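Each chain, letter by letter, is given below.
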Amino acid sequence: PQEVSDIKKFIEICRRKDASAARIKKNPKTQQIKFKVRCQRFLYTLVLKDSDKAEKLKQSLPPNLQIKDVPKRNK
Amino acid sequence: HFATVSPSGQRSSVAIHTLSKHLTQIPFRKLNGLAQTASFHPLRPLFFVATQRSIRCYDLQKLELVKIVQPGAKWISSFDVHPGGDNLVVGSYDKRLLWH
Amino acid sequence: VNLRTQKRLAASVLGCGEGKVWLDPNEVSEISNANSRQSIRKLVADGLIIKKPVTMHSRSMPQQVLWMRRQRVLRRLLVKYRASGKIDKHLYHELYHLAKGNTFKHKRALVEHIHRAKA
Amino acid sequence: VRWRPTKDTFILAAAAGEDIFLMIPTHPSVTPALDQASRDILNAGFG
Amino acid sequence: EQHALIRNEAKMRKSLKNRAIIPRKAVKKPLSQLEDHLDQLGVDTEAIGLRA
Amino acid sequence: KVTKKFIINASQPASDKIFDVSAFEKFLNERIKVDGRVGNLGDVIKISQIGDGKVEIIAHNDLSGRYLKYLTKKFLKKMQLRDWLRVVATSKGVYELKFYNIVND
RNA sequence: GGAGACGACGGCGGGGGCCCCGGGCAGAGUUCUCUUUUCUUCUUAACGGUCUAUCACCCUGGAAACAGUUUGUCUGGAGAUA
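By the method listed in its record, cryo-EM, this PDB entry was determined to a resolution of 3.1 Å.

## So, helix α2 (residues 31-41) of chain E
Within α2 of chain E, burial applies to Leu 31, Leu 34 and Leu 38 of chain E. An end-on view of α2 of chain E places all buried positions within 65° of arc, on one side of the element. Each element contacted by the buried residues of α2 of chain E is listed here: β1 (29-30) of chain E together with β5 (94-99) and β6 (102-103) of chain F. Downstream of α2 of chain E by one or two residues, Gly 42 of chain E has phi in the positive range, about 95°.

## Details of the layout of surface pockets
Space inside the largest pocket adds up to approximately 2300 Å³. As for the largest pocket, its lining consists of 48 residues, and the residues nearest its centre are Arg 13 and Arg 24 of chain E together with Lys 77, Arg 82 and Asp 83 of chain F. At the level of secondary structure, the elements contributing two or more residues to the lining of the largest pocket comprise α1 (2-14), β1 and α2 of chain E together with α3 (65-78) and β4 (85-89) of chain F. Broken down by element, the lining of the largest pocket gets its largest block of residues, 8 residues, from α1 of chain E. Residues of the lining of the largest pocket, tallied by class, amount to 21 nonpolar, 8 polar and 19 charged. Residue lining of the second largest pocket: 37 residues in total, with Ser 5, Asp 6 and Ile 7 of chain A together with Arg 44 and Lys 67 of chain B positioned closest to the centre. The element contributing the most residues to the lining of the second largest pocket is helix α1 (residues 7-15) of chain A, with 6 residues. When the residues that make up the lining of the second largest pocket are grouped by side-chain class, the tally is 17 nonpolar, 7 polar and 13 charged.

## Points about the sheet that holds strand β4 (residues 35-40) of chain B
Residues and elements named next belong to chain B. Pairing is antiparallel in the open sheet, where 4 strands are placed in the order β4-β5-β6-β7. Of all strands in the sheet, those bounded by a partner on one side alone are β4 and β7 (64-69). Along the sheet, successive strands turn relative to each other by an average axial angle of 20°, direction set aside. Summarising the sheet, strand β5 (residues 46-51) and strand β6 (residues 55-59) pair through 5 bridges and their orientation is antiparallel. Residue pairing for β6: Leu 46 is matched across the bridge by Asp 59.

## Thoughts on the sheet that holds strand β1 (residues 2-4) of chain A
Strands in a sheet are paired, the pairing made by backbone hydrogen bonds, and the direction either parallel or antiparallel. Residues and elements named next belong to chain A. Strand order in the open sheet formed by 4 strands is β1-β4-β3-β2, and the pairing between neighbours is mixed. Among the strands making up the open sheet, the edge pair consists of β1 and β2 (21-27). This sheet shows a mean twist of 25° between the axes of neighbouring strands, independent of strand direction. Seen against the sheet, α1 touches β1, β3 (32-38) and β4 (43-47) and runs at an angle of roughly 30° to β3. On the sheet, helix α2 (residues 51-60) packs against β2, β3 and β4 and is oriented at approximately 25° with respect to β3.

## What about the nonpolar core?
Ranked by size, the top nonpolar core spans 32 residues in total, and within it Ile 18, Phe 19 and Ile 57 of chain F carry the most contacts. The set of elements that each furnish at least two residues to this core consists of α2 of chain E together with β1 (4-9), α2 (21-31), β2 (45-50), β3 (54-59), α3, β4 and β5 of chain F. Core analysis: the second largest hydrophobic core is formed by 20 residues, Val 4, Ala 54, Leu 61 and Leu 65 of chain A among them.

## As for the protein's contact with RNA strand G
Around RNA strand G sit 44 residues in total, of which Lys 30 of chain B, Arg 75 and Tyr 96 of chain C together with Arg 66 and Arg 86 of chain F are the nearest. Of all RNA strand G atoms lying within 4 Å of any protein atom, the proportion belonging to sugar or phosphate reaches 65%. The contact in question runs from a phosphate oxygen of RNA strand G to an N or O atom on the side chain of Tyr 96 of chain C, over 2.6 Å. Looking at the surface near RNA strand G, the elements with two or more residues in it are α4 (63-84) and α5 (89-100) of chain C, α1 of chain E together with α3 and β4 of chain F. Considering every element that reaches the surface near RNA strand G, the biggest residue donor is α3 of chain F, with 8 residues. Split into classes, the residues belonging to the surface near RNA strand G amount to 15 nonpolar, 8 polar and 21 charged.

About the cut-offs
- Residues numbered from 1 in each chain as written, not as in the entry; some residues may be left out.
- Chains lettered and ligands numbered in written order.
- Part of a larger assembly, values for the part shown.
- Heavy atoms only, no water.
- Buried < 20%, exposed > 50% of the residue type's maximum accessible area, 1.4 Å probe, protein only.
- Helix = DSSP H or I, 4+ residues; strand = E, 2+ residues; numbered from the N terminus.
- Arc of directions from axis to C-beta.
- Contact = heavy atoms within 4.5 Å.
- 1 Å grid on protein atoms, 1.4 Å probe; cavity = no way out; pocket = protein on both sides within 12 Å on 5 of 7 lines; lining within 4 Å.
- Points joined across faces, edges and corners; volume = space filled by probe spheres on them.
- Nonpolar A, V, L, I, M, F, W, Y, C, P; charged D, E, K, R; others polar.
- Pairing = 2+ DSSP bridges.
- Axes fitted to C-alpha atoms, helices over the stretch in contact; angles between N-to-C directions.
- Core = buried A, V, L, I, M, F, W, Y, C linked by side-chain atoms within 4.5 Å.
- Near = heavy atom within 4 Å.
- Polar contact = N/O pair within 3.5 Å; in protein donor to acceptor, adjacent residues only side chain to side chain.

The structure is reproduced here in structure tokens:
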């Protein structure tokens, strides 16, 4: 698992041909936003810290890559 | 604040001087290379220090390394930050310009 | 009804001992009918199998170490004085040996001896 | 040789050898008021 | 006499040496017992009755 | 300069007429201790009632809601209601006095 | 040529776990009287990134009015202190 702090690199990782899964984590107690992408051999997580950039990133992610929000109380 | 870079100063190579207090401090002991140049970010409290092979970006509010950028160069001569703060230009003695 | 099986499965699923599992006496029939770890979880949720709380447990120097500590503090004080320039190298060495010997007993005594030496 | 970015003063910082000199060059843009403000900025950390 | 009775009830429930007991929030209690105790203290009983 | 707002909710017991709000307030008045001694009811800890049936406490020291719950249990079983009433923290600083679950017969 | 590849003991120091003490949240227990009360939860793996060091080694320089230094010992022109 690797950390990402740059949005363009997260975009290119998501555009990689083997980018398998994606999810968005919102931690409201620490007002933090994470975008996690599963890209075969690593899991990458971008730390955003801002909701405006979170929305812009969600709009800018590739359409084929189905972005989704992870729910509470995982089954 | 004004920062000075002395290549042969070893662990005293980079020094930030606060003029309002006449205080010279050396915040970053380890630099992983011979320091060549340094600059302040245009709109955010980050410090770029360029040694012979890399440029290390340091947040000054935490005094912590936030980034390392590695131009494909042998001996970095100069660098410059965009007024925007998201692009770099690196000129090196290997006759190669690198836009980052 | 025999409830050894239910006792063991309930302890295993509740992560406690067999002495901490409690089966409802009035519902022995339903507990006996339960014979799977999903049915026993259903009973645990329903309140017929209960994990009891833990039992109340109400709670309400060698001369080697002395010498080591006194030597460390004395040597630290000599280092501080020699670094602050109160003493010089040779008087520092003299005090070093004299304190290694049982001449000094405490920091203040060292201090008055330094006063006598310098005055 | 580098200039102090602020327009409120006229301060030049040079590095020769192992020394850094902060200087006030004589230029027909420095008023008496601008000069005194610059000198106050320089000798404002002597406290 | 009431003090002696309450002491007797307490020592009756106490047991000797540190036995783990079922919590009240886990155990359930009957309407008959609740109504009896309440009207011993003097509580009008039409308040309760639907409950559970 | 920090103040504390504690709420004791005995609305249901008061409506059922099993809990005396005035008696409970008096009980807290004698038993709340400030500097290791009871009766030091200065401008440190204050106590009042609202007309709807709850007790409000404004604490300036470090009165712990655990102490408030402990005194609540004290009064409840002093009136002999411990076996049939419990105190549940339903909010940040609101302790509600409700009934234990009841099985029909 | 290295690693694999290595004895026993002693005290000393660093670090991680356990034990202990306090505050806070939630719950449970005693309570004729007393006890701002007693007990329980408060946890974070592999792997990856980054920062962190005793020994050791290097440069300047040249020490007795000998110095450095450990709980102890000792080290130093075969280059100490700094």
